[PDB]
Amino acid sequence: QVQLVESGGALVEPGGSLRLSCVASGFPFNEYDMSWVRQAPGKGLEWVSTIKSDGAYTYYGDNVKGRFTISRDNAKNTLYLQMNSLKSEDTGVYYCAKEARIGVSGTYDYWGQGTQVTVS
Amino acid sequence: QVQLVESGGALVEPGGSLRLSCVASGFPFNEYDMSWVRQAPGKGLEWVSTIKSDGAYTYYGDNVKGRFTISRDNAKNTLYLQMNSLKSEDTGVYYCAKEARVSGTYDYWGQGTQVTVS
Amino acid sequence: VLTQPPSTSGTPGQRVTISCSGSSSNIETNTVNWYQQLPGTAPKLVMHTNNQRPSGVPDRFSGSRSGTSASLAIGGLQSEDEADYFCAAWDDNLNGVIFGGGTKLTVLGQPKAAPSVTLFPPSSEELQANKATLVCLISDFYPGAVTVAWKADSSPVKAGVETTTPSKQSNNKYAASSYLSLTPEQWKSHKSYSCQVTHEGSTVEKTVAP
Amino acid sequence: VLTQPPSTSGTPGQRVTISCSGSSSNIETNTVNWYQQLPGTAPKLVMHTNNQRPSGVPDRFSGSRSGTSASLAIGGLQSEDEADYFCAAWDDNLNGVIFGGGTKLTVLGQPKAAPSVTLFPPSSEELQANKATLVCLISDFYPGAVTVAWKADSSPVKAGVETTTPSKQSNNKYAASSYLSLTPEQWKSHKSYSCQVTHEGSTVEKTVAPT
Ligand SMILES: [Cl-]
Ligand SMILES: [Cl-]
Ligand SMILES: [Cl-]
Ligand SMILES: [Cl-]
Ligand SMILES: [Cl-]
Ligand SMILES: [Cl-]
Ligand SMILES: [Cl-]
Ligand SMILES: [Cl-]
Ligand SMILES: [Cl-]
Ligand SMILES: [Cl-]
Ligand SMILES: [Cl-]
Ligand SMILES: [Cl-]
Ligand SMILES: [Cl-]
Ligand SMILES: [Cl-]
Ligand SMILES: [Cl-]
């Protein structure tokens, strides 16, 4: 069955760097588009970034444009999100999300367990 | 698949009465024993009552002994809990729980219903 | 973001809708999906491409959209459905995915109630410790969904505000407290501070001064 | 009820245990079962008949019992396991099923912190309205599990006390506030009132008086 496990979430001071790692299982990783969705404490879902099946086109949220680098390793079925120059507004939990359609739509079948990232 | 739906929960003043209804699906109701488990707001799980497969034996918790009447309608795959002379300590959520074999093993739980007394 | 009601509710067995409206940029020319999240867990997709329902999703669920607005519809309210609901769609202008504010859904087990706002000034002890903190108390409100705002004089306060997610009280009415932490000098300087509570479009406000 | 720790926690990928201990009329006679509840939802049976796992429960789960105590153990800890865990067993004395107090499980994402207790006296405005209410404020504590107590002088007050479940702060440190509803006669009469906060076995107390 499909499985999505995130890791790397921890506590750091503002401006520090962090690397998130997401591992997939049960489905062709290189076939679908992936994404990162984040939820601030006591706040709604917020959108972070997507990377296409090939890894050819990456879209970032306006709040994190030019700060985070999203990447994928289809050979190892692993997803990375490199977070640089972190601010305190980035504090929250981070999810790994699959996508079933072509990838231009916001439809995500399976979500990861998530990791909580705290910055103060 | 196994299904458990509870109903009958509402808002009532203490000393009033209420009847809870639980409907089962996806398994032979008359084969297993059923139960009621309740959770007060901001408190741990609390045990209410169980009724045997046939309905021959009813067990109640010490807090509700002689106050509640548990019953079942195996013909309609429906479980009832009659609540009489309610106190304010009875406020909480009420669950429907199936049983796998006089034991505390519950396979499937209901959604729950809110019973409020003030 | 997309406009969603903070709280929507209905009696058990009724049919309710959640409205998601945004801009011509997003929903109008794209599709809107719906997610259901139980607090502290990963969300789940419950309606995709507007009117299509994923396998495992009850027949009672149904989706629709018209122009720049969308709505998810549930019939036969049940206890199980109570969760946070989000709407999402692709935005070409933003060139990204945009989510809604979030709608907490609760099935009414009792009549709607208004919050009891009690705003507290700083206690002498903490002022003796050169640390001044303020506390607003919200209680006896149902359903459990609120928006809090802190204003210093007539200017809203942007930082230092913490709010606890609503919690149930012994009478199944929700309660929560929001607090502001300051420096004693900040508290002395300003003329007054306000706590603003918003419940289903009806808002209560209380104000105190040193 | 069964005595189980209110809070237990561990680091990602570690193995932690929840201890459930009861009387001889309880665990010793018949088997103990374990339930996992995500907050505000129905519980799930995760360990039944001491060491038996229902279908769909991860292999890392394991259960055990020794004499009059039983311990559920989880390994390869994941965020998925964040919940409240309960132990249950049939008790012959009560002739019924008895549940544990409840154990909140949290994956540590930051170091443990002590709570900042600031107790507030009733605000002048509401006392003018014949309503006296007090608020104890707990903040910047991690993990999010606490036990609250309200005492008048050295006599504990058991009723009229409400407590909010801990909620996360913009810094993923938990915060909650317990409050008590008093009449002005109650507030004025008694000399003082105390708020007691318990975090991982360490207890703090603060007191206020009208003066
Ligand atoms: Cl699957
Ligand atoms: Cl698949
Ligand atoms: Cl929360
Ligand atoms: Cl871009
Ligand atoms: Cl591959
Ligand atoms: Cl099933
Ligand atoms: Cl339809
Ligand atoms: Cl300022
Ligand atoms: Cl005991
Ligand atoms: Cl709730
Ligand atoms: Cl609850
Ligand atoms: Cl084993
Ligand atoms: Cl064994
Ligand atoms: Cl302190
Ligand atoms: Cl409570």
# chains A, B, ... in the order shown; residues from 1 in each chain; ligands from 1

$ residues_around --residues "residue 86 (chain A)" --least-positions-apart "4" --cutoff "9 Å" --atoms "only C-alpha atoms" --output "PyMOL selection string"
chain A and resi 12-18+67-68+90-91+119

$ write_last_selection --atoms "N, CA and C atoms" --output "tab-separated table (two decimals), in the first residue's frame"
chain	number	residue	atom	x	y	z
A	12	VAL	N	15.25	24.86	15.19
A	12	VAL	CA	16.41	25.66	14.81
A	12	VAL	C	16.09	27.13	15.04
A	13	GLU	N	17.16	27.93	15.17
A	13	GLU	CA	17.05	29.38	15.32
A	13	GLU	C	16.84	30.03	13.95
A	14	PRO	N	16.21	31.21	13.91
A	14	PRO	CA	15.93	31.84	12.61
A	14	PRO	C	17.19	32.04	11.79
A	15	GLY	N	17.02	31.98	10.47
A	15	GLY	CA	18.14	32.05	9.55
A	15	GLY	C	18.88	30.75	9.36
A	16	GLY	N	18.60	29.72	10.17
A	16	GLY	CA	19.25	28.45	10.00
A	16	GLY	C	18.68	27.67	8.82
A	17	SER	N	19.44	26.67	8.39
A	17	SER	CA	19.04	25.82	7.28
A	17	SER	C	18.54	24.48	7.79
A	18	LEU	N	17.68	23.85	6.99
A	18	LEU	CA	17.13	22.54	7.34
A	18	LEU	C	16.85	21.77	6.06
A	67	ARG	N	13.65	31.09	-1.21
A	67	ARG	CA	14.22	30.65	0.05
A	67	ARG	C	14.39	29.14	0.14
A	68	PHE	N	13.42	28.38	-0.36
A	68	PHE	CA	13.48	26.93	-0.29
A	68	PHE	C	13.84	26.36	-1.65
A	90	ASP	N	7.84	30.41	9.42
A	90	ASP	CA	7.84	29.07	8.86
A	90	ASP	C	7.50	28.00	9.89
A	91	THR	N	7.40	28.37	11.17
A	91	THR	CA	7.09	27.40	12.21
A	91	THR	C	5.78	26.68	11.92
A	119	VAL	N	10.64	27.21	14.83
A	119	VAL	CA	11.69	28.21	14.68
A	119	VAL	C	11.41	29.36	15.65

$ interface_residues --of "chain B" --to "chain D" --cutoff "6 Å" --atoms "only C-alpha atoms" --output "compact mmCIF listing (two decimals) with N, CA and C atoms, in the first residue's frame"
# COMPACT_ATOMS: atom_id res chain seq x y z
N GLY B 44 -11.02 10.93 30.65
CA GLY B 44 -10.67 9.68 29.99
C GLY B 44 -11.90 8.87 29.64
N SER B 103 -15.30 -9.92 28.01
CA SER B 103 -13.96 -9.37 27.89
C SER B 103 -14.03 -7.88 27.55
N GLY B 104 -12.88 -7.22 27.65
CA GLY B 104 -12.81 -5.81 27.30
C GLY B 104 -12.18 -5.54 25.95
N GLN B 111 -19.41 6.34 16.04
CA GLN B 111 -18.95 7.68 15.94
C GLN B 111 -19.08 8.34 17.26

$ residues_near_ligand --ligand "ligand 1" --cutoff "9 Å" --atoms "only C-alpha atoms and all ligand atoms" --output "list in words"
residues 1, 2, 3, 26 and 110 of chain A

$ interface_residues --of "chain D" --to "chain C" --cutoff "10 Å" --atoms "only C-alpha atoms" --output "MDAnalysis selection string"
chainID D and resid 38:42 79:80 82:83 117:126 131:137 139 160:171 174:179 206:208

$ residues_around --residues "residue 78 (chain A)" --least-positions-apart "2" --cutoff "7 Å" --atoms "only C-alpha atoms" --output "ChimeraX atom specification"
/A:21-24,72-74,76,80

$ write_last_selection --atoms "C-alpha atoms" --output "short mmCIF file (atom, residue, chain, number, x, y, z; two decimals), in the first residue's frame"
data_model
loop_
_atom_site.label_atom_id
_atom_site.label_comp_id
_atom_site.auth_asym_id
_atom_site.auth_seq_id
_atom_site.Cartn_x
_atom_site.Cartn_y
_atom_site.Cartn_z
CA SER A 21 13.36 14.09 3.63
CA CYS A 22 10.31 12.25 2.34
CA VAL A 23 10.35 8.58 1.33
CA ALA A 24 7.60 7.01 -0.77
CA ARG A 72 13.57 14.74 -5.85
CA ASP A 73 15.55 11.51 -6.33
CA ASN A 74 13.34 9.23 -8.43
CA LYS A 76 15.82 6.35 -4.56
CA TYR A 80 13.80 16.53 -0.36
#

$ residues_around --residues "region 71-88 of chain B" --least-positions-apart "3" --cutoff "6 Å" --atoms "only C-alpha atoms" --output "MDAnalysis selection string"
chainID B and resid 14:24 29:30 67:68 91 117:118

$ residues_around --residues "residue 32 (chain A)" --least-positions-apart "3" --cutoff "7 Å" --atoms "only C-alpha atoms" --output "JSON, numbers by chain"
{"A": [29, 53, 98, 99, 100]}

$ select_by_dssp --residues "region 49-186 of chain C" --states "strand (DSSP E or B)" --output "PyMOL selection string"
chain C and resi 52+62-66+69-74+84-91+96-100+103-107+113+116-120+132-142+147-152+155-156+161-163+167-168+174-182

$ residues_near_ligand --ligand "ligand 13" --cutoff "9 Å" --atoms "only C-alpha atoms and all ligand atoms" --output "PyMOL selection string"
chain D and resi 50-52+62-65

$ residues_near_ligand --ligand "ligand 6" --cutoff "9 Å" --atoms "only C-alpha atoms and all ligand atoms" --output "list in words"
residues 1, 2, 3, 26 and 108 of chain B

$ interface_residues --of "chain C" --to "chain A" --cutoff "8 Å" --atoms "only C-alpha atoms" --output "PyMOL selection string"
chain C and resi 30-33+41-45+48-49+86+88-90+94-102+163-165

$ write_last_selection --atoms "N, CA and C atoms" --output "short mmCIF file (atom, residue, chain, number, x, y, z; two decimals), in the first residue's frame"
data_model
loop_
_atom_site.label_atom_id
_atom_site.label_comp_id
_atom_site.auth_asym_id
_atom_site.auth_seq_id
_atom_site.Cartn_x
_atom_site.Cartn_y
_atom_site.Cartn_z
N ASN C 30 -10.21 26.69 -13.39
CA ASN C 30 -9.53 25.56 -12.73
C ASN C 30 -10.60 24.78 -11.98
N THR C 31 -10.20 23.72 -11.31
CA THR C 31 -11.15 22.93 -10.57
C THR C 31 -10.88 23.05 -9.12
N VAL C 32 -11.88 22.83 -8.28
CA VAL C 32 -11.72 22.95 -6.85
C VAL C 32 -11.84 21.67 -6.12
N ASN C 33 -10.89 21.33 -5.27
CA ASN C 33 -10.92 20.10 -4.54
C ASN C 33 -11.16 20.35 -3.09
N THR C 41 -3.86 15.54 12.51
CA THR C 41 -3.62 14.44 11.59
C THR C 41 -3.52 14.97 10.17
N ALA C 42 -3.07 14.11 9.27
CA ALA C 42 -2.96 14.48 7.87
C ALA C 42 -4.36 14.66 7.26
N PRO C 43 -4.51 15.57 6.31
CA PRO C 43 -5.81 15.74 5.65
C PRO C 43 -6.11 14.58 4.71
N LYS C 44 -7.37 14.52 4.27
CA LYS C 44 -7.82 13.50 3.33
C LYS C 44 -8.63 14.17 2.23
N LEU C 45 -8.41 13.74 0.99
CA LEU C 45 -9.16 14.26 -0.14
C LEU C 45 -10.54 13.61 -0.18
N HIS C 48 -12.79 15.75 -5.48
CA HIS C 48 -11.79 16.19 -6.44
C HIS C 48 -12.45 16.50 -7.77
N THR C 49 -11.86 17.45 -8.49
CA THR C 49 -12.39 17.95 -9.76
C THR C 49 -13.87 18.32 -9.59
N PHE C 86 -11.18 22.04 3.94
CA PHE C 86 -10.41 22.99 3.15
C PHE C 86 -10.74 22.82 1.67
N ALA C 88 -9.33 23.87 -2.31
CA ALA C 88 -8.08 24.19 -2.99
C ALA C 88 -8.31 24.19 -4.49
N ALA C 89 -7.51 24.99 -5.18
CA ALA C 89 -7.57 25.10 -6.62
C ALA C 89 -6.26 25.72 -7.10
N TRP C 90 -5.97 25.53 -8.36
CA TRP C 90 -4.77 26.08 -8.93
C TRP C 90 -5.02 27.49 -9.29
N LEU C 94 -1.01 33.34 -9.30
CA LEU C 94 -0.03 32.97 -8.29
C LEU C 94 0.89 31.86 -8.77
N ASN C 95 0.48 31.13 -9.82
CA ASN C 95 1.24 30.00 -10.36
C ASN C 95 1.54 28.97 -9.27
N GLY C 96 0.56 28.74 -8.41
CA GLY C 96 0.72 27.80 -7.32
C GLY C 96 -0.63 27.32 -6.84
N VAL C 97 -0.61 26.57 -5.74
CA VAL C 97 -1.82 26.00 -5.16
C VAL C 97 -2.24 26.91 -4.01
N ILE C 98 -3.52 27.27 -3.96
CA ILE C 98 -4.03 28.16 -2.93
C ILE C 98 -5.08 27.39 -2.13
N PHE C 99 -5.00 27.51 -0.81
CA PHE C 99 -5.90 26.82 0.11
C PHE C 99 -6.85 27.82 0.75
N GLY C 100 -7.98 27.30 1.23
CA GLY C 100 -8.93 28.13 1.92
C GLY C 100 -8.54 28.34 3.37
N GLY C 101 -9.25 29.27 4.01
CA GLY C 101 -8.97 29.56 5.41
C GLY C 101 -9.23 28.39 6.32
N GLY C 102 -10.20 27.55 5.98
CA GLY C 102 -10.53 26.41 6.81
C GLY C 102 -11.87 26.56 7.48
N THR C 163 -3.29 32.24 21.08
CA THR C 163 -4.67 31.82 21.29
C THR C 163 -4.70 30.31 21.35
N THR C 164 -5.42 29.77 22.33
CA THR C 164 -5.57 28.33 22.47
C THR C 164 -6.77 27.89 21.64
N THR C 165 -6.62 26.76 20.97
CA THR C 165 -7.73 26.21 20.21
C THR C 165 -8.87 25.88 21.17
#

$ decode --residues "region 22-55 of chain B" --atoms "N, CA, C and O atoms" --output "PDB file, in the first residue's frame"
ATOM      1  N   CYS B  22     -28.373   2.857  18.603  1.00  0.00           N
ATOM      2  CA  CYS B  22     -27.200   2.474  17.830  1.00  0.00           C
ATOM      3  C   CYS B  22     -27.602   1.417  16.819  1.00  0.00           C
ATOM      4  O   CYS B  22     -28.206   0.404  17.182  1.00  0.00           O
ATOM      5  N   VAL B  23     -27.238   1.642  15.561  1.00  0.00           N
ATOM      6  CA  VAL B  23     -27.586   0.752  14.462  1.00  0.00           C
ATOM      7  C   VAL B  23     -26.295   0.147  13.930  1.00  0.00           C
ATOM      8  O   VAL B  23     -25.309   0.862  13.711  1.00  0.00           O
ATOM      9  N   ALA B  24     -26.298  -1.165  13.734  1.00  0.00           N
ATOM     10  CA  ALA B  24     -25.126  -1.880  13.262  1.00  0.00           C
ATOM     11  C   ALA B  24     -25.344  -2.383  11.842  1.00  0.00           C
ATOM     12  O   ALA B  24     -26.476  -2.532  11.377  1.00  0.00           O
ATOM     13  N   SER B  25     -24.233  -2.659  11.164  1.00  0.00           N
ATOM     14  CA  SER B  25     -24.259  -3.148   9.794  1.00  0.00           C
ATOM     15  C   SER B  25     -22.916  -3.798   9.495  1.00  0.00           C
ATOM     16  O   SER B  25     -21.893  -3.421  10.071  1.00  0.00           O
ATOM     17  N   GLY B  26     -22.934  -4.785   8.601  1.00  0.00           N
ATOM     18  CA  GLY B  26     -21.723  -5.442   8.151  1.00  0.00           C
ATOM     19  C   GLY B  26     -21.324  -6.672   8.936  1.00  0.00           C
ATOM     20  O   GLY B  26     -20.298  -7.287   8.613  1.00  0.00           O
ATOM     21  N   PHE B  27     -22.086  -7.046   9.958  1.00  0.00           N
ATOM     22  CA  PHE B  27     -21.783  -8.227  10.753  1.00  0.00           C
ATOM     23  C   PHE B  27     -23.071  -8.712  11.398  1.00  0.00           C
ATOM     24  O   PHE B  27     -24.013  -7.930  11.576  1.00  0.00           O
ATOM     25  N   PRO B  28     -23.146  -9.997  11.758  1.00  0.00           N
ATOM     26  CA  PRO B  28     -24.329 -10.494  12.474  1.00  0.00           C
ATOM     27  C   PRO B  28     -24.462  -9.882  13.862  1.00  0.00           C
ATOM     28  O   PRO B  28     -23.692 -10.209  14.771  1.00  0.00           O
ATOM     29  N   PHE B  29     -25.433  -8.980  14.023  1.00  0.00           N
ATOM     30  CA  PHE B  29     -25.603  -8.270  15.290  1.00  0.00           C
ATOM     31  C   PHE B  29     -25.853  -9.235  16.443  1.00  0.00           C
ATOM     32  O   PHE B  29     -25.211  -9.140  17.496  1.00  0.00           O
ATOM     33  N   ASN B  30     -26.787 -10.172  16.262  1.00  0.00           N
ATOM     34  CA  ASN B  30     -27.169 -11.081  17.336  1.00  0.00           C
ATOM     35  C   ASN B  30     -26.051 -12.025  17.751  1.00  0.00           C
ATOM     36  O   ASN B  30     -26.190 -12.706  18.772  1.00  0.00           O
ATOM     37  N   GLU B  31     -24.946 -12.074  17.009  1.00  0.00           N
ATOM     38  CA  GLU B  31     -23.888 -13.018  17.343  1.00  0.00           C
ATOM     39  C   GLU B  31     -22.961 -12.475  18.422  1.00  0.00           C
ATOM     40  O   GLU B  31     -22.512 -13.230  19.291  1.00  0.00           O
ATOM     41  N   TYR B  32     -22.655 -11.184  18.383  1.00  0.00           N
ATOM     42  CA  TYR B  32     -21.732 -10.589  19.336  1.00  0.00           C
ATOM     43  C   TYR B  32     -22.477  -9.852  20.438  1.00  0.00           C
ATOM     44  O   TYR B  32     -23.659  -9.515  20.317  1.00  0.00           O
ATOM     45  N   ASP B  33     -21.760  -9.602  21.525  1.00  0.00           N
ATOM     46  CA  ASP B  33     -22.267  -8.777  22.603  1.00  0.00           C
ATOM     47  C   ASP B  33     -21.870  -7.337  22.327  1.00  0.00           C
ATOM     48  O   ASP B  33     -20.819  -7.065  21.739  1.00  0.00           O
ATOM     49  N   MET B  34     -22.721  -6.417  22.740  1.00  0.00           N
ATOM     50  CA  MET B  34     -22.500  -5.002  22.502  1.00  0.00           C
ATOM     51  C   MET B  34     -22.315  -4.283  23.829  1.00  0.00           C
ATOM     52  O   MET B  34     -22.455  -4.869  24.905  1.00  0.00           O
ATOM     53  N   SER B  35     -22.003  -2.995  23.746  1.00  0.00           N
ATOM     54  CA  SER B  35     -21.669  -2.245  24.945  1.00  0.00           C
ATOM     55  C   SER B  35     -21.821  -0.756  24.687  1.00  0.00           C
ATOM     56  O   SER B  35     -21.993  -0.310  23.550  1.00  0.00           O
ATOM     57  N   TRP B  36     -21.748   0.007  25.773  1.00  0.00           N
ATOM     58  CA  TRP B  36     -21.714   1.457  25.711  1.00  0.00           C
ATOM     59  C   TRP B  36     -20.489   1.928  26.474  1.00  0.00           C
ATOM     60  O   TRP B  36     -20.273   1.527  27.622  1.00  0.00           O
ATOM     61  N   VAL B  37     -19.671   2.743  25.821  1.00  0.00           N
ATOM     62  CA  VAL B  37     -18.514   3.364  26.442  1.00  0.00           C
ATOM     63  C   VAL B  37     -18.684   4.864  26.287  1.00  0.00           C
ATOM     64  O   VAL B  37     -19.036   5.344  25.205  1.00  0.00           O
ATOM     65  N   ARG B  38     -18.445   5.604  27.364  1.00  0.00           N
ATOM     66  CA  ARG B  38     -18.681   7.036  27.353  1.00  0.00           C
ATOM     67  C   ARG B  38     -17.425   7.782  27.767  1.00  0.00           C
ATOM     68  O   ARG B  38     -16.583   7.262  28.502  1.00  0.00           O
ATOM     69  N   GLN B  39     -17.304   9.007  27.268  1.00  0.00           N
ATOM     70  CA  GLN B  39     -16.150   9.856  27.533  1.00  0.00           C
ATOM     71  C   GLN B  39     -16.660  11.242  27.899  1.00  0.00           C
ATOM     72  O   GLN B  39     -17.233  11.939  27.055  1.00  0.00           O
ATOM     73  N   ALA B  40     -16.459  11.635  29.152  1.00  0.00           N
ATOM     74  CA  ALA B  40     -16.862  12.958  29.594  1.00  0.00           C
ATOM     75  C   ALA B  40     -15.941  14.013  28.986  1.00  0.00           C
ATOM     76  O   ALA B  40     -14.796  13.717  28.631  1.00  0.00           O
ATOM     77  N   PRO B  41     -16.422  15.244  28.824  1.00  0.00           N
ATOM     78  CA  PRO B  41     -15.581  16.283  28.218  1.00  0.00           C
ATOM     79  C   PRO B  41     -14.324  16.529  29.040  1.00  0.00           C
ATOM     80  O   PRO B  41     -14.387  16.811  30.237  1.00  0.00           O
ATOM     81  N   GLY B  42     -13.174  16.417  28.382  1.00  0.00           N
ATOM     82  CA  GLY B  42     -11.906  16.591  29.063  1.00  0.00           C
ATOM     83  C   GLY B  42     -11.578  15.516  30.074  1.00  0.00           C
ATOM     84  O   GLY B  42     -10.831  15.777  31.023  1.00  0.00           O
ATOM     85  N   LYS B  43     -12.110  14.308  29.898  1.00  0.00           N
ATOM     86  CA  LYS B  43     -11.833  13.198  30.799  1.00  0.00           C
ATOM     87  C   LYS B  43     -11.553  11.945  29.979  1.00  0.00           C
ATOM     88  O   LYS B  43     -11.810  11.895  28.771  1.00  0.00           O
ATOM     89  N   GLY B  44     -11.021  10.927  30.650  1.00  0.00           N
ATOM     90  CA  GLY B  44     -10.675   9.684  29.993  1.00  0.00           C
ATOM     91  C   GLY B  44     -11.905   8.872  29.640  1.00  0.00           C
ATOM     92  O   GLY B  44     -13.046   9.244  29.914  1.00  0.00           O
ATOM     93  N   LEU B  45     -11.660   7.728  29.003  1.00  0.00           N
ATOM     94  CA  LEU B  45     -12.757   6.840  28.641  1.00  0.00           C
ATOM     95  C   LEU B  45     -13.426   6.282  29.891  1.00  0.00           C
ATOM     96  O   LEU B  45     -12.763   5.929  30.870  1.00  0.00           O
ATOM     97  N   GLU B  46     -14.752   6.198  29.849  1.00  0.00           N
ATOM     98  CA  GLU B  46     -15.524   5.617  30.935  1.00  0.00           C
ATOM     99  C   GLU B  46     -16.418   4.505  30.419  1.00  0.00           C
ATOM    100  O   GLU B  46     -16.939   4.562  29.303  1.00  0.00           O
ATOM    101  N   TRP B  47     -16.593   3.504  31.262  1.00  0.00           N
ATOM    102  CA  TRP B  47     -17.310   2.288  30.928  1.00  0.00           C
ATOM    103  C   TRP B  47     -18.758   2.429  31.380  1.00  0.00           C
ATOM    104  O   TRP B  47     -19.020   2.878  32.502  1.00  0.00           O
ATOM    105  N   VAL B  48     -19.697   2.050  30.516  1.00  0.00           N
ATOM    106  CA  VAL B  48     -21.102   2.222  30.855  1.00  0.00           C
ATOM    107  C   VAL B  48     -21.779   0.872  31.037  1.00  0.00           C
ATOM    108  O   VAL B  48     -22.112   0.491  32.164  1.00  0.00           O
ATOM    109  N   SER B  49     -22.014   0.148  29.946  1.00  0.00           N
ATOM    110  CA  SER B  49     -22.745  -1.107  30.067  1.00  0.00           C
ATOM    111  C   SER B  49     -22.466  -2.017  28.878  1.00  0.00           C
ATOM    112  O   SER B  49     -22.053  -1.559  27.812  1.00  0.00           O
ATOM    113  N   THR B  50     -22.720  -3.320  29.086  1.00  0.00           N
ATOM    114  CA  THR B  50     -22.701  -4.350  28.050  1.00  0.00           C
ATOM    115  C   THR B  50     -23.976  -5.172  28.150  1.00  0.00           C
ATOM    116  O   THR B  50     -24.575  -5.296  29.220  1.00  0.00           O
ATOM    117  N   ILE B  51     -24.400  -5.717  27.015  1.00  0.00           N
ATOM    118  CA  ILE B  51     -25.565  -6.593  26.956  1.00  0.00           C
ATOM    119  C   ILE B  51     -25.210  -7.793  26.082  1.00  0.00           C
ATOM    120  O   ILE B  51     -24.604  -7.642  25.017  1.00  0.00           O
ATOM    121  N   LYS B  52     -25.574  -8.987  26.547  1.00  0.00           N
ATOM    122  CA  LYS B  52     -25.135 -10.232  25.933  1.00  0.00           C
ATOM    123  C   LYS B  52     -25.790 -10.431  24.563  1.00  0.00           C
ATOM    124  O   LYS B  52     -26.738  -9.734  24.184  1.00  0.00           O
ATOM    125  N   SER B  53     -25.237 -11.385  23.806  1.00  0.00           N
ATOM    126  CA  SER B  53     -25.700 -11.661  22.447  1.00  0.00           C
ATOM    127  C   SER B  53     -27.216 -11.828  22.378  1.00  0.00           C
ATOM    128  O   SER B  53     -27.883 -11.206  21.542  1.00  0.00           O
ATOM    129  N   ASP B  54     -27.778 -12.662  23.256  1.00  0.00           N
ATOM    130  CA  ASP B  54     -29.219 -12.881  23.284  1.00  0.00           C
ATOM    131  C   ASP B  54     -29.971 -11.736  23.947  1.00  0.00           C
ATOM    132  O   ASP B  54     -31.176 -11.581  23.711  1.00  0.00           O
ATOM    133  N   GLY B  55     -29.295 -10.941  24.769  1.00  0.00           N
ATOM    134  CA  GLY B  55     -29.965  -9.977  25.614  1.00  0.00           C
ATOM    135  C   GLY B  55     -30.369 -10.520  26.958  1.00  0.00           C
ATOM    136  O   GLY B  55     -31.225  -9.926  27.624  1.00  0.00           O
TER     137      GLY B  55
END
